[PDB]
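Peer 1: upload_21.pdb (PDB, C-alpha atoms and all ligand atoms) pasted underneath:
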```
ATOM      1  CA  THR A   1       0.000   0.000   0.000
ATOM      2  CA  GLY A   2       2.847   2.280   0.910
ATOM      3  CA  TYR A   3       6.601   2.211   1.170
ATOM      4  CA  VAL A   4       8.313  -0.500   3.256
ATOM      5  CA  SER A   5      11.793  -0.334   4.727
ATOM      6  CA  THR A   6      14.405  -2.562   3.085
ATOM      7  CA  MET A   7      16.764  -2.350   6.062
ATOM      8  CA  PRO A   8      17.801  -5.815   7.304
ATOM      9  CA  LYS A   9      16.702  -7.019  10.724
ATOM     10  CA  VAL A  10      19.470  -8.519  12.897
ATOM     11  CA  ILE A  11      18.974 -10.244  16.249
ATOM     12  CA  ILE A  12      21.834 -11.074  18.622
ATOM     13  CA  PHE A  13      21.595 -13.673  21.392
ATOM     14  CA  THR A  14      24.805 -13.526  23.363
ATOM     15  CA  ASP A  15      26.077 -15.009  26.595
ATOM     16  CA  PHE A  16      27.766 -12.549  28.962
ATOM     17  CA  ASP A  17      30.364 -14.221  31.224
ATOM     18  CA  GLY A  18      33.175 -15.777  29.214
ATOM     19  CA  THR A  19      31.740 -14.476  25.908
ATOM     20  CA  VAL A  20      31.498 -10.711  26.294
ATOM     21  CA  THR A  21      33.932 -10.934  29.263
ATOM     22  CA  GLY A  22      36.979 -13.119  29.340
ATOM     23  CA  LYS A  23      36.044 -15.198  32.381
ATOM     24  CA  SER A  24      33.523 -17.993  32.663
ATOM     25  CA  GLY A  25      30.463 -17.421  34.827
ATOM     26  CA  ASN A  26      31.448 -20.172  37.252
ATOM     27  CA  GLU A  27      34.796 -18.398  37.635
ATOM     28  CA  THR A  28      33.155 -14.977  38.209
ATOM     29  CA  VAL A  29      30.270 -15.048  40.688
ATOM     30  CA  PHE A  30      32.056 -16.695  43.667
ATOM     31  CA  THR A  31      35.118 -14.407  43.534
ATOM     32  CA  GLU A  32      35.738 -11.923  46.330
ATOM     33  CA  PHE A  33      35.134  -9.023  43.935
ATOM     34  CA  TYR A  34      31.716 -10.230  42.784
ATOM     35  CA  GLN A  35      30.722 -11.132  46.347
ATOM     36  CA  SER A  36      31.804  -7.643  47.567
ATOM     37  CA  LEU A  37      29.036  -6.183  45.375
ATOM     38  CA  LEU A  38      26.303  -7.932  47.436
ATOM     39  CA  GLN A  39      24.673  -6.363  50.480
ATOM     40  CA  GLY A  40      25.964  -7.851  53.704
ATOM     41  CA  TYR A  41      29.319  -8.845  52.192
ATOM     42  CA  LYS A  42      31.802 -10.269  54.696
ATOM     43  CA  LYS A  43      35.255 -11.217  53.420
ATOM     44  CA  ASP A  44      35.702 -14.940  52.629
ATOM     45  CA  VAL A  45      31.980 -15.581  53.224
ATOM     46  CA  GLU A  46      29.874 -16.678  50.239
ATOM     47  CA  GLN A  47      26.290 -15.491  49.764
ATOM     48  CA  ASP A  48      23.790 -16.671  47.132
ATOM     49  CA  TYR A  49      25.137 -14.803  44.116
ATOM     50  CA  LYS A  50      21.815 -14.580  42.284
ATOM     51  CA  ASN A  51      19.230 -13.681  44.936
ATOM     52  CA  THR A  52      21.141 -11.622  47.511
ATOM     53  CA  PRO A  53      20.288  -7.913  47.104
ATOM     54  CA  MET A  54      23.091  -6.026  45.381
ATOM     55  CA  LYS A  55      24.718  -2.885  46.742
ATOM     56  CA  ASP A  56      23.283   0.229  45.122
ATOM     57  CA  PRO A  57      24.665   1.194  41.676
ATOM     58  CA  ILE A  58      26.604   4.199  42.986
ATOM     59  CA  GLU A  59      28.533   2.015  45.455
ATOM     60  CA  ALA A  60      28.987  -0.705  42.818
ATOM     61  CA  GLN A  61      30.647   1.901  40.613
ATOM     62  CA  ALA A  62      32.918   2.950  43.511
ATOM     63  CA  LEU A  63      33.932  -0.695  43.977
ATOM     64  CA  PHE A  64      34.747  -1.109  40.263
ATOM     65  CA  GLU A  65      36.789   2.097  40.339
ATOM     66  CA  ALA A  66      38.840   1.010  43.328
ATOM     67  CA  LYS A  67      39.515  -2.364  41.682
ATOM     68  CA  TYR A  68      40.375  -1.261  38.164
ATOM     69  CA  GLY A  69      41.084   2.487  38.259
ATOM     70  CA  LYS A  70      39.147   5.008  36.191
ATOM     71  CA  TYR A  71      38.049   3.605  32.823
ATOM     72  CA  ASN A  72      39.673   6.284  30.734
ATOM     73  CA  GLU A  73      42.694   7.107  28.582
ATOM     74  CA  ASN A  74      44.989   6.120  31.492
ATOM     75  CA  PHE A  75      43.340   2.700  31.914
ATOM     76  CA  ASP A  76      45.731  -0.218  32.524
ATOM     77  CA  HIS A  77      44.689  -2.901  30.028
ATOM     78  CA  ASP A  78      47.334  -5.278  31.440
ATOM     79  CA  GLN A  79      46.365  -5.158  35.114
ATOM     80  CA  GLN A  80      45.372  -8.264  37.031
ATOM     81  CA  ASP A  81      41.772  -9.476  36.620
ATOM     82  CA  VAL A  82      41.159  -7.356  33.509
ATOM     83  CA  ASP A  83      39.552 -10.506  32.049
ATOM     84  CA  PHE A  84      36.469  -9.901  34.226
ATOM     85  CA  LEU A  85      35.677  -6.866  32.069
ATOM     86  CA  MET A  86      34.512  -6.675  28.481
ATOM     87  CA  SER A  87      37.412  -6.689  26.072
ATOM     88  CA  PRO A  88      38.075  -3.451  24.123
ATOM     89  CA  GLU A  89      36.950  -5.219  20.918
ATOM     90  CA  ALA A  90      33.681  -6.193  22.567
ATOM     91  CA  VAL A  91      33.189  -2.615  23.890
ATOM     92  CA  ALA A  92      33.617  -1.219  20.365
ATOM     93  CA  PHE A  93      31.149  -3.814  19.070
ATOM     94  CA  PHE A  94      28.449  -2.876  21.559
ATOM     95  CA  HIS A  95      28.935   0.899  21.097
ATOM     96  CA  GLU A  96      28.174   0.342  17.403
ATOM     97  CA  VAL A  97      25.219  -2.042  17.606
ATOM     98  CA  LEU A  98      23.617  -0.183  20.572
ATOM     99  CA  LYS A  99      22.800   2.610  18.077
ATOM    100  CA  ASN A 100      21.877   0.649  14.957
ATOM    101  CA  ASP A 101      18.236   0.257  15.870
ATOM    102  CA  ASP A 102      17.705  -2.462  13.246
ATOM    103  CA  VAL A 103      19.986  -4.593  15.467
ATOM    104  CA  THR A 104      18.360  -6.063  18.602
ATOM    105  CA  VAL A 105      20.731  -7.185  21.391
ATOM    106  CA  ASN A 106      19.628  -9.923  23.830
ATOM    107  CA  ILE A 107      21.972 -11.073  26.612
ATOM    108  CA  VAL A 108      21.037 -14.569  27.776
ATOM    109  CA  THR A 109      22.654 -15.308  31.079
ATOM    110  CA  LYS A 110      22.730 -17.103  34.431
ATOM    111  CA  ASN A 111      24.200 -13.875  35.840
ATOM    112  CA  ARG A 112      21.938 -10.944  36.815
ATOM    113  CA  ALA A 113      20.943  -7.675  35.179
ATOM    114  CA  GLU A 114      22.193  -5.425  37.994
ATOM    115  CA  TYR A 115      25.746  -6.788  37.610
ATOM    116  CA  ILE A 116      25.872  -6.631  33.812
ATOM    117  CA  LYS A 117      24.496  -3.066  33.873
ATOM    118  CA  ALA A 118      27.213  -2.146  36.371
ATOM    119  CA  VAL A 119      29.909  -3.582  34.081
ATOM    120  CA  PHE A 120      28.541  -1.682  31.084
ATOM    121  CA  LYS A 121      28.174   1.472  33.167
ATOM    122  CA  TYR A 122      31.741   1.169  34.484
ATOM    123  CA  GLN A 123      33.160   0.721  30.948
ATOM    124  CA  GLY A 124      31.613   3.920  29.647
ATOM    125  CA  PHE A 125      28.149   3.084  28.301
ATOM    126  CA  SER A 126      25.345   5.614  28.770
ATOM    127  CA  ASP A 127      21.994   4.937  30.432
ATOM    128  CA  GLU A 128      20.329   5.180  27.021
ATOM    129  CA  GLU A 129      22.673   2.590  25.510
ATOM    130  CA  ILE A 130      22.182   0.164  28.422
ATOM    131  CA  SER A 131      18.403   0.550  28.070
ATOM    132  CA  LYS A 132      18.650  -0.913  24.549
ATOM    133  CA  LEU A 133      19.929  -4.198  26.019
ATOM    134  CA  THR A 134      17.444  -6.938  26.774
ATOM    135  CA  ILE A 135      18.754  -9.156  29.581
ATOM    136  CA  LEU A 136      17.184 -12.616  29.845
ATOM    137  CA  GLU A 137      18.327 -14.098  33.115
ATOM    138  CA  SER A 138      16.115 -17.031  34.050
ATOM    139  CA  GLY A 139      19.066 -19.373  33.464
ATOM    140  CA  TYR A 140      16.988 -21.538  31.069
ATOM    141  CA  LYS A 141      18.463 -20.455  27.751
ATOM    142  CA  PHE A 142      16.247 -22.494  25.410
ATOM    143  CA  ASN A 143      13.121 -21.141  27.119
ATOM    144  CA  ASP A 144      14.400 -17.542  27.175
ATOM    145  CA  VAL A 145      15.417 -17.535  23.490
ATOM    146  CA  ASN A 146      12.235 -19.383  22.421
ATOM    147  CA  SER A 147      10.107 -16.869  24.321
ATOM    148  CA  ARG A 148      11.956 -13.877  22.872
ATOM    149  CA  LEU A 149      11.385 -15.179  19.290
ATOM    150  CA  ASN A 150       7.647 -15.764  19.563
ATOM    151  CA  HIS A 151       6.043 -13.447  16.951
ATOM    152  CA  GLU A 154       8.692  -9.928  11.271
ATOM    153  CA  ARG A 155      11.429 -12.453  10.341
ATOM    154  CA  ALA A 156      15.047 -11.640  11.130
ATOM    155  CA  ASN A 157      17.521 -11.502   8.259
ATOM    156  CA  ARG A 158      20.388 -12.722  10.455
ATOM    157  CA  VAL A 159      20.465 -14.202  13.962
ATOM    158  CA  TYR A 160      23.697 -14.244  15.981
ATOM    159  CA  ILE A 161      24.306 -16.870  18.693
ATOM    160  CA  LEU A 162      27.427 -16.558  20.888
ATOM    161  CA  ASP A 163      28.213 -18.673  23.950
ATOM    162  CA  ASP A 164      31.401 -20.092  25.507
ATOM    163  CA  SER A 165      29.508 -22.998  27.088
ATOM    164  CA  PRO A 166      28.951 -25.869  24.592
ATOM    165  CA  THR A 167      25.691 -26.997  26.187
ATOM    166  CA  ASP A 168      24.193 -23.495  26.598
ATOM    167  CA  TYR A 169      25.196 -22.648  23.036
ATOM    168  CA  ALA A 170      23.393 -25.821  21.877
ATOM    169  CA  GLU A 171      20.302 -24.820  23.875
ATOM    170  CA  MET A 172      20.166 -21.410  22.175
ATOM    171  CA  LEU A 173      20.762 -22.885  18.727
ATOM    172  CA  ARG A 174      17.942 -25.425  19.199
ATOM    173  CA  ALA A 175      15.612 -22.565  20.075
ATOM    174  CA  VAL A 176      16.553 -20.551  16.972
ATOM    175  CA  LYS A 177      16.265 -23.519  14.598
ATOM    176  CA  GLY A 178      12.974 -24.441  16.273
ATOM    177  CA  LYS A 179      11.597 -21.099  15.139
ATOM    178  CA  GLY A 180      12.362 -21.842  11.483
ATOM    179  CA  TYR A 181      15.683 -20.031  10.951
ATOM    180  CA  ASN A 182      17.885 -21.820   8.394
ATOM    181  CA  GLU A 183      21.665 -21.974   7.972
ATOM    182  CA  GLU A 184      21.901 -18.877   5.750
ATOM    183  CA  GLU A 185      20.276 -16.790   8.515
ATOM    184  CA  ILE A 186      22.220 -18.178  11.519
ATOM    185  CA  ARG A 187      25.747 -17.124  12.576
ATOM    186  CA  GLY A 188      26.674 -19.195  15.629
ATOM    187  CA  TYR A 189      29.968 -18.877  17.489
ATOM    188  CA  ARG A 190      30.992 -21.364  20.204
ATOM    189  CA  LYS A 191      34.434 -20.133  21.350
ATOM    190  CA  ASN A 192      36.499 -20.434  24.531
ATOM    191  CA  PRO A 193      36.698 -17.304  26.751
ATOM    192  CA  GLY A 194      38.830 -14.642  25.117
ATOM    193  CA  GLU A 195      38.706 -16.275  21.679
ATOM    194  CA  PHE A 196      35.679 -14.516  20.156
ATOM    195  CA  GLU A 197      36.352 -12.320  17.142
ATOM    196  CA  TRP A 198      34.336  -9.279  18.151
ATOM    197  CA  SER A 199      36.013  -6.987  15.632
ATOM    198  CA  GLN A 200      35.161  -9.334  12.763
ATOM    199  CA  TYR A 201      31.550  -9.663  13.909
ATOM    200  CA  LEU A 202      31.376  -5.853  13.937
ATOM    201  CA  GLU A 203      32.406  -5.644  10.290
ATOM    202  CA  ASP A 204      30.053  -8.487   9.326
ATOM    203  CA  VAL A 205      27.192  -6.575  10.945
ATOM    204  CA  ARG A 206      28.174  -3.251   9.363
ATOM    205  CA  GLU A 207      28.346  -4.953   5.957
ATOM    206  CA  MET A 208      24.660  -5.922   6.050
ATOM    207  CA  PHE A 209      23.727  -2.230   6.070
ATOM    208  CA  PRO A 210      24.335   0.512   3.516
ATOM    209  CA  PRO A 211      27.408   2.672   4.168
TER     210      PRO A 211
HETATM  211 CL    CL B 301      25.213 -18.325  31.484
HETATM  212 MG    MG B 302      29.562 -18.040  29.617
END
```
Would you write the structure of this file as structure tokens?

Peer 2:
Amino acid sequence: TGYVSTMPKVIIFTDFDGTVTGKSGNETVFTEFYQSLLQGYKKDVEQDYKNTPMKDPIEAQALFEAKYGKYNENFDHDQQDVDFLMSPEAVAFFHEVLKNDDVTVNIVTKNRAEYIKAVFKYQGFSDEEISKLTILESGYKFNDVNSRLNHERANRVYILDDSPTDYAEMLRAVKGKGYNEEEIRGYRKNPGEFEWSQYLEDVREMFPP
């Protein structure tokens, strides 16, 4: 009847810990640093990482700053425990896709939204950018991906996860919704081995320059 946009539609389903960061989730949430972000923290005592209330976002930011320094031009990319942050290549990737609005970003995680938002906030993302993330955190990755895809067909669907079994869960969800091999780009890589800069150029290539 009228004009219709020819822009491609791209959906990303990505793990967080060990995919966007360089450390696996099991190696993140029981560390002293993660546990220090939970209300009632006592050193060398472990609290339920998922359901304990987190310290407020202002104090979380203060704890990141004391651990890593200010995230600026003086930042030490070689300091200890830098692998708990997003790599620079992953930060550049998310700055770009968190403004292409024909790209939808879904983080599918056993971690929790308050923590991931704190990591993004600490590494320089704005409140508007973080609000374009959808964080699916039930821990049941087939169910979360399947639910997100119910009901506008995507041109390309990205699936990224360092865990073989959670990757397979997400892929089964996407194939269950009728996406074929030409539309799927799945990446099962060990922590630190994802090619974020190449995925950024692959994404940019789908769109006009
Ligand atoms: Cl996970
Ligand atoms: Mg992971």

Peer 1: State, in Å with one decimal place, the distance from atom CA of residue 13 of chain A to atom CA of residue 56 of chain A.

Peer 2: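 According to the coordinates, atom CA of residue 13 of chain A and atom CA of residue 56 of chain A are separated by 27.6 Å.
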
Peer 1: For ligand CL 301 (chain B), list the contacting residues at 7 Å or closer, counting all atoms listed in the file, as a PyMOL selection string.

Peer 2: chain A and resi 15-17+25+108-111+139

Peer 1: Rounded to one decimal, what separation in Å do you get between atom CA of residue 125 of chain A and atom CA of residue 95 of chain A?

Peer 2: 7.6 Å

Peer 1: Please enumerate the residues selected by the PyMOL selection byres (((not hetatm)) within 12 of (chain B and resi 302)) when evaluated against the supplied file, formatted as a PyMOL selection string.

Peer 2: chain A and resi 14-29+84+107-111+139+141+162-169+190-194+196

Peer 1: Counting all atoms listed in the file, figure out which residue out of A:136, A:130, A:149, A:173 gets nearest to residue 94 of chain A.

Peer 2: A:130

Peer 1: Using all atoms listed in the file, can you tell me which of A:48, A:135, A:127, A:102 comes closest to residue 7 of chain A?

Peer 2: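 Of all the options, A:102 lies closest to residue 7 of chain A.
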
Peer 1: Quick one, how far is atom CA of residue 129 of chain A from atom CA of residue 92 of chain A?

Peer 2: 12.7 Å

Peer 1: Give me the residues within 9 Å of residue 35 of chain A as a list in words, counting only C-alpha atoms and dropping any in the same chain fewer than 5 places off.

Peer 2: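 Listed by chain and then number, they are residues 29, 30, 41, 42, 43, 44, 45, 46, 47, 48 and 49 of chain A.
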
Peer 1: Which one is closest to residue 183 of chain A: A:5, A:147, A:199, A:157? Count only C-alpha atoms.

Peer 2: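 Smallest distance to residue 183 of chain A is found for A:157.
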
Peer 1: What residues come out when you apply the PyMOL selection byres (((chain A and resi 64) around 12) and not hetatm) to this file, written as a list in words?

Peer 2: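 After applying the PyMOL selection byres (((chain A and resi 64) around 12) and not hetatm), what remains is residues 33, 34, 36, 37, 57, 58, 59, 60, 61, 62, 63, 65, 66, 67, 68, 69, 70, 71, 81, 82, 84, 85, 115, 118, 119, 120, 121, 122 and 123 of chain A.
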
Peer 1: What's around residue 206 of chain A at 10 Å? Count only C-alpha atoms, leave out sequence neighbours fewer than 6 positions away in its own chain, and write the answer as a list in words.

Peer 2: residues 96, 97, 100 and 200 of chain A

Peer 1: Please check which residues have atoms at most 9 Å from (23.7, -10.6, 15.8) in the file's coordinates, counting all atoms listed in the file, and write them as a PyMOL selection string.

Peer 2: chain A and resi 10-14+97+103-105+158-162+186-187+201+205

Peer 1: Using all atoms listed in the file, can you tell me which of A:126, A:2, A:8, A:87 comes closest to residue 156 of chain A?

Peer 2: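 Closest to residue 156 of chain A of all the choices is A:8.
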
Peer 1: With N, CA and C atoms as the target, complete segment 100-116 of chain A and hand it back as a compact mmCIF listing (two decimals), in the frame of the given file.

Peer 2:
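Just written: part09.txt:
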```txt
# COMPACT_ATOMS: atom_id res chain seq x y z
N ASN A 100 22.65 1.21 16.06
CA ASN A 100 21.88 0.65 14.96
C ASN A 100 20.60 0.06 15.53
N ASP A 101 19.47 0.71 15.25
CA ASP A 101 18.24 0.26 15.87
C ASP A 101 17.60 -0.90 15.12
N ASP A 102 18.08 -1.22 13.92
CA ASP A 102 17.70 -2.46 13.25
C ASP A 102 18.50 -3.66 13.75
N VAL A 103 19.33 -3.49 14.78
CA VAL A 103 19.99 -4.59 15.47
C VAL A 103 19.42 -4.66 16.88
N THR A 104 18.89 -5.83 17.26
CA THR A 104 18.36 -6.06 18.60
C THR A 104 19.32 -6.94 19.39
N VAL A 105 19.73 -6.49 20.59
CA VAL A 105 20.73 -7.18 21.39
C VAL A 105 20.07 -7.82 22.61
N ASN A 106 20.19 -9.15 22.72
CA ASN A 106 19.63 -9.92 23.83
C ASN A 106 20.78 -10.62 24.53
N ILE A 107 20.96 -10.36 25.83
CA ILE A 107 21.97 -11.07 26.61
C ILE A 107 21.26 -12.16 27.39
N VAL A 108 21.72 -13.40 27.25
CA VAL A 108 21.04 -14.57 27.78
C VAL A 108 22.01 -15.21 28.76
N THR A 109 21.64 -15.22 30.05
CA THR A 109 22.65 -15.31 31.08
C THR A 109 22.13 -16.01 32.33
N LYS A 110 23.03 -16.70 33.06
CA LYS A 110 22.73 -17.10 34.43
C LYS A 110 23.21 -16.07 35.44
N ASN A 111 23.82 -14.99 34.97
CA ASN A 111 24.20 -13.88 35.84
C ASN A 111 22.96 -13.03 36.07
N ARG A 112 23.11 -11.77 36.52
CA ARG A 112 21.94 -10.94 36.82
C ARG A 112 22.09 -9.55 36.21
N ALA A 113 20.94 -8.94 35.92
CA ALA A 113 20.94 -7.68 35.18
C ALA A 113 21.70 -6.58 35.92
N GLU A 114 21.54 -6.50 37.25
CA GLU A 114 22.19 -5.42 37.99
C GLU A 114 23.70 -5.46 37.81
N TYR A 115 24.30 -6.67 37.80
CA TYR A 115 25.75 -6.79 37.61
C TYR A 115 26.16 -6.39 36.20
N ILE A 116 25.49 -6.94 35.19
CA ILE A 116 25.87 -6.63 33.81
C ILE A 116 25.74 -5.13 33.54
```
